[PDB]
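In what follows, a single structure is set out as structure tokens and then discussed.
Note that we place each Cβ from the backbone using ideal geometry, even for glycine, and neighbour counts take in every protein chain shown. Each reported figure results from applying straightforward, stated rules to the coordinates on display, with no laboratory input.
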2 protein chains.
Amino acid sequence: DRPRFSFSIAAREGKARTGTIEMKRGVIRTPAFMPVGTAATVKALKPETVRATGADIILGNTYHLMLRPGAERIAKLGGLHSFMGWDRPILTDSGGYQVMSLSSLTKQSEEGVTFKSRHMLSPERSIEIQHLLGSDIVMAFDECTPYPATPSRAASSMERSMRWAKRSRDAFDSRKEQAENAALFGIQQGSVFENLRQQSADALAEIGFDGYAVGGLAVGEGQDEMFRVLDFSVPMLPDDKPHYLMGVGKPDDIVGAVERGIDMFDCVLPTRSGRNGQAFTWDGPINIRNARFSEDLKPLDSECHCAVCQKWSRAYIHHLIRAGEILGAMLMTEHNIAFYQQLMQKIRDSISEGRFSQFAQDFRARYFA
Amino acid sequence: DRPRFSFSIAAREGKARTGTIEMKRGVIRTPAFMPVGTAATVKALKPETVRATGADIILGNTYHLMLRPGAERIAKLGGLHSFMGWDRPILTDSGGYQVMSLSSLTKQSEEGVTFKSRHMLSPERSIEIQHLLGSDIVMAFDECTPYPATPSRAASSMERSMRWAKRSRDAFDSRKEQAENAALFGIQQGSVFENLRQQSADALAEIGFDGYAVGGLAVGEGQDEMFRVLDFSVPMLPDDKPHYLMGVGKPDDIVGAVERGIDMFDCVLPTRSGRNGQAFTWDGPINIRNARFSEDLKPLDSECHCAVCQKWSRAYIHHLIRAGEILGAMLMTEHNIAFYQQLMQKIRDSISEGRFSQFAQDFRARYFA
Ligand SMILES: CNc1nc2cc3nc[nH]c(=O)c3cc2[nH]1
Ligand SMILES: CNc1nc2cc3nc[nH]c(=O)c3cc2[nH]1
Ligand SMILES: [Cl-]
Ligand SMILES: [Cl-]
Ligand SMILES: [Zn+2]
Ligand SMILES: [Zn+2]
């Protein structure tokens, strides 16, 4: 049988790595992209379609689910995997990031966050919710420091997150079934400040986690600054564990993050922007609603192997999106998630073959032409 | 190769018949239910999923499509079959029924109907639009008489429809490619009046059509009256051609209409009411939004063979519909269309075995228990 958790690196090029995470519910090829499941569904896709695109793992948002149906109810019904019909690994978020963005009112304290959608979300309760959902990769409960942040506020915030990381570790370890079958990732904070990023990495490594996320990025700083922070931050994390960049991102963000040592990604961009009419192609994104596509018989992308590009034209999908048809959302989403998975496959293959630097240059030349 | 059109009756029980229509693009098993494609899509389903439910033919609404993308544009793009990815027969409506229900302003004359969505829809233009879409079964352009109607108004309306039926026949026959590859159905009018229904049937048979629809029903008269009109109206039509009841209907409407000699049906009920949360079951319809389903781990229906009932619970679908999730619409629609196809299969098999009367009684006892 597969282990609870084993990350193996098969090939490297510069800071980039490719390999596998083996878990009880399946193998994850890295670098990996996780489609996002909000409210127990990857929007507009059956799980079998998600799998057909090549996804090995999905991210399950916890915020909506902890309110409706509720984590206890999902547990009573057999857990999130059974409920939604996805039998492979699920990484769950802690619920706190979306509490801060989606709740009407919030109150912060050392204990946790209280909010009205009143509820308290503490590290202990977050870990319990993720347990009740049956998460395979559990995220420590943290605070995403806003950008920009003063050094004083970034330090205070990071220090609280590190106290919360230790509470998350102890809560996870206290629950035998969770400790034996799931993995726990810690989240580095420190805003854009190298010394705080180092303190955070040191604190997380002392606690010890199965993987390490770079938090606090993709929150308004822009790509140049994100990459500058990654340049010094990723090397601070243990080399032999996965590195997860939360909430990233656009295709070029992913490529550059892999060049800086990131192994895992999630983002709503392919799903949400697909429903809004944006299709990803090797020649850059297109907006299928544009009148220029009304008689275009080509597929969304000329090379894409996905089922949408085998069967339907730009003209048809243009018509569907303009008309507000559900099938438009379905087809755009399947193609965009397939594009993201094909990007990850090209990244993995190029690292394995020692030609990732060339792939990154070729990718950018064509995508931004 | 298959013929342009051949209807064969394999078995009969009372007025009920079962058999096949062979056309160039495929075989249609009768009695048949046609899922409705609005704006070139059966809402929330890929065509392969429509086919997986057992559908042999779909109804393509023409009203939206003649406005956007436009019939000429669809023809330029290769026709409706290629555009939407359904390669089997399509019956197209004439566009007039929805002009009357969906247009802002309408003006009626002997030439046709002018409307603002300004456009003129005549019998000749309707037949041309259906040609440009690449229809397999073309409907004559008629007027659905409102209910109730006085005898005078029902007669005047029916007489106009019969003049329009002859114009539709001549337009269809004038276009060699259409006459050679498609079929044309005429539509009986006459409201609830036996003498007018007879005059209409006589006029249609004198013109000659490949199939005959019963028009002017399912417009507010209720089941008892609909069945009373069918009792005398269907025997007036040629026995050796298909009989199509337009816009019907609920499962019990279909069963009773087959008992009265109807071979073909279409309705938005399974698709539209599915998206709204109504699921059909052998024990009657259920509203999946009801709180009683929040922890119900059973499938939508206990016997249904569809993919939705193999894989997902009532509780999950309840959650999806409550949450407004696209997957909720997808799953409800697939199940409901599969239910309708299973109903038609049970009807066909029971007629073939000489036990349809018993099936109808058993169906009603359980569905209305
Ligand atoms: C879309 N950008 C973005 N999504 C994020 C989610 C996060 N969760 C926990 N902690 C984070 O710091 C964090 C940062 C993030 N940036
Ligand atoms: C939903 N009920 C219903 N949909 C109909 C469509 C029709 N089209 C043409 N002509 C008709 O008489 C006619 C009657 C109908 N009743
Ligand atoms: Cl999304
Ligand atoms: Cl519909
Ligand atoms: Zn594609
Ligand atoms: Zn079913």
- All positions within region A:16-35 that are more than 14 Å from chain B (Cβ to nearest Cβ) and within 16 Å of ligand 3 (Cβ to nearest atom): A:33, A:34
- Can you give me the ranges of the helices (runs of 4 or more DSSP H) entirely in region A:167-252 with at least 1 residues that are within 17 Å of residue A:147 (Cβ to Cβ)? A:194-207, A:223-233
- Query: From A:300, A:320, which residue is touching a strand residue (DSSP E or B) at 6+ places or on another chain (Cβ under 7 Å), surrounded by 22 or more Cβ atoms within 10 Å (Cβ to Cβ) and more than 12 Å from chain B (Cβ to nearest Cβ)?
  - Reply: A:300
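Yes or no, residue by residue, for (1) assigned to a loop (DSSP other than H, G, I, E, B); (2) more than 26 Å from residue A:290 (Cα to Cα); (3) more than 14 Å from chain A (Cβ to nearest Cβ):
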{"position": "B:37", "(1), (2), (3)": "no, no, no"}
{"position": "B:48", "(1), (2), (3)": "no, yes, no"}
{"position": "B:66", "(1), (2), (3)": "no, no, no"}
{"position": "B:83", "(1), (2), (3)": "no, no, no"}
{"position": "B:94", "(1), (2), (3)": "yes, yes, yes"}
{"position": "B:99", "(1), (2), (3)": "no, yes, yes"}
{"position": "B:111", "(1), (2), (3)": "yes, yes, yes"}
{"position": "B:114", "(1), (2), (3)": "no, yes, yes"}
- Query: residue A:309 versus (1) buried (at least 23 other Cβ atoms within 10 Å of the Cβ); (2) closer than 25 Å to residue A:246 by Cα; (3) touching a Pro at 6+ places or on another chain (Cβ under 6 Å): which is the lone unmet condition?
  - Reply: (2)
- Task: Determine the pairs where a residue that is farther than 16 Å from residue A:264 by Cβ, located within region A:3-30, has a partner that is part of a strand (DSSP E or B) with Cβ atoms under 6 Å apart, the partner being 6 or more residues away or on another chain.
- Result: A:3/A:22; A:11/A:18
- Test for residue A:143: is it of a type outside the set (A, V, I, L, M), more than 23 Å from residue A:73 (Cα to Cα) and over 19 Å from the mean Cα position of the chain (by Cα): no
- What number goes with the only condition from (1) surrounded by fewer than 23 Cβ atoms within 10 Å (Cβ to Cβ); (2) more than 16 Å from ligand 2 (Cβ to nearest atom) that residue B:171 does not pass? (1)
- Residues of region A:117-166 classified as of a type in the set (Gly, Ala, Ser) and assigned to a helix (DSSP H, G or I), total: 8
- Is it fair to say residue A:368 is over 30 Å from residue B:45 (Cα atoms), touching a helix residue (DSSP H, G or I) at 6+ places or on another chain (Cβ under 7 Å) and surrounded by fewer than 24 Cβ atoms within 10 Å (Cβ to Cβ)? no
- Go through region A:293-352 residue by residue and tally those that are under 27 Å from residue A:364 (Cα atoms) and within 16 Å of ligand 4 (Cβ to nearest atom). 0
- Task: Check region B:273-287 and report whether any residue there is over 21 Å from the mean Cα position of the chain (by Cα) and within 13 Å of chain A (Cβ to nearest Cβ).
- Result: no
- Message: Residue under question is residue B:270, and the condition is that it be within 16 Å of ligand 4 (Cβ to nearest atom) and more than 16 Å from residue B:347 (Cα to Cα); does it hold?
- Response: yes
- Message: With the structure loaded, tell me whether residue A:20 is over 18 Å from the mean Cα position of the chain (by Cα) and surrounded by fewer than 19 Cβ atoms within 10 Å (Cβ to Cβ) or whether it fails that test.
- Response: no
- Query: Pick from A:361, A:310, A:341: which is within 11 Å of chain B (Cβ to nearest Cβ) and either of a type in the set (S, T, N, Q) or within 16 Å of ligand 3 (Cβ to nearest atom) (or both)?
  - Reply: A:310
